[PDB]
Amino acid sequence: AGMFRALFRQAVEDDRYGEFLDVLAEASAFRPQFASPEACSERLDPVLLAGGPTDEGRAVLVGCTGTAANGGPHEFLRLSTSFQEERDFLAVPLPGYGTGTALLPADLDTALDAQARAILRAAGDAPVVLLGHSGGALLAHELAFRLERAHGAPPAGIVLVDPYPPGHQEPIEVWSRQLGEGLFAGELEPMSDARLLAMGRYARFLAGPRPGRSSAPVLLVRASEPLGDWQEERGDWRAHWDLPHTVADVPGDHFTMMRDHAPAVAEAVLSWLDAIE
């Protein structure tokens, strides 16, 4: 399709994923934006992917879509099947990826607020537990902090699946070629240039300094196999979070933990949710 995808393919071929993500971030400043949560063009209505049991007061799980330009509403499909008959699971879209092409958020807080309003409509009064994978894990925690402080609705918990926060990103930078190759392997259609610009823009959002820590307890779910090669002498390659409530290790790598081994992730989540309520 478009030139950004062709350039990005070349960048991954030449092992320069990070350099090209910076180009996408810079280019993204020239796309139409939205600066107030109200100015948002898309409907961020969460999609119900699994139903809980017929009852009460139980937490609903909200999946926070990650930044992958090849992603979208299919991200949590495999995982959600293990929640059927256990928990409601809602998937909330990320602003800037839809349709027409969606406006990009002016800053992260503008996108988080538009998500927070959509989640509060769909969840009604049930307690909310957020879940995210990789960059979606970072976004789930930033959203949890936004719901606390700007919307007076603190979530009951956060599930961070393989997060690599600023200061602990080194292994995911070393494996950046595998991230890029996984984006192309995961194409169900050619990544549009609009979505690659969204991906670059959110990546830069989530690299910045964001000191707030949510008060909600954190479940840290970690892959057990490394995504690529790794020298023992470089230390621990694993995902990381500061002071998690619970830590769970599941089979698979950064990618296959949410595919072939998604049931192991679901079981860690379900046990944790029962414990904390």
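Throughout, we count residues from 1 along the sequence that is shown. Think of the rigid core as the biggest set of C-alphas that the two forms share within 1.5 Å after superposition.
Chemist: Find the stretch among 199-207 and 179-187 with the larger RMS C-alpha deviation in 5 other deposited structures of this protein, all structures being superposed on the shown form by the rigid core.
Modeler: The stretch that sits farther from the shown form in 5 other deposited structures of this protein is 179-187.
Chemist: If the other structures are each fit on the rigid core, which stretch ends up farther away in C-alpha terms in 5 other deposited structures of this protein, 81-89 or 100-108?
Modeler: Between the two stretches, 100-108 moves farther in 5 other deposited structures of this protein.
Chemist: Pick one of none, 1 to 3, 4 to 9 or 10 or more for the number of deposited-sequence residues not modelled between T99 and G100.
Modeler: Some 4 to 9 residues are missing between them.
Chemist: Taking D55 and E56 as adjacent modelled residues, how many residues of the deposited sequence between them have no coordinates (none, 1 to 3, 4 to 9, 10 or more)?
Modeler: Going from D55 to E56, the model skips 1 to 3 residues of the deposited sequence.
Chemist: If you average the Cα B factors in the entry, which is higher, 118-126 or 165-173?
Modeler: Taking the mean C-alpha B-factor of 165-173 and of 118-126, the larger value falls to 118-126.
Chemist: Mind pulling up the entry and telling me whether 34-42 or 212-220 has the higher mean Cα temperature factor?
Modeler: The deposited B-factors put 34-42 ahead on the C-alpha mean.
Chemist: Just grab whichever of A150, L196, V159, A203 has the top CA B-factor as deposited.
Modeler: Highest C-alpha B-factor among the listed residues goes to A150.
Chemist: Of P93, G180, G132, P154, which one's C-alpha B factor is largest in the deposited record?
Modeler: That would be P154.
Chemist: Lowest, middle or highest third: where is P105 by C-alpha B factor in its chain?
Modeler: It falls in the middle third of the chain.
Chemist: Ranked by Cα temperature factor within the chain, is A59 in the lowest third, the middle third or the highest third?
Modeler: For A59, the deposited C-alpha B-factor lands in the highest third.
Chemist: Per the entry's values, where does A6 land by CA temperature factor relative to the rest of its chain, in the lowest, middle or highest third?
Modeler: Lowest third, going by the recorded CA B-factors of the chain.
Chemist: Lowest, middle or highest third: where is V47 by Cα B-factor in its chain?
Modeler: For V47, whose C-alpha B-factor we compare with every modelled residue in the chain, the answer is the middle third.
Chemist: Ordered by C-alpha B-factor within the chain, which third holds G136? Give me lowest, middle or highest, please.
Modeler: Within its chain, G136 is a lowest-third residue by C-alpha B-factor, going by the deposited values.
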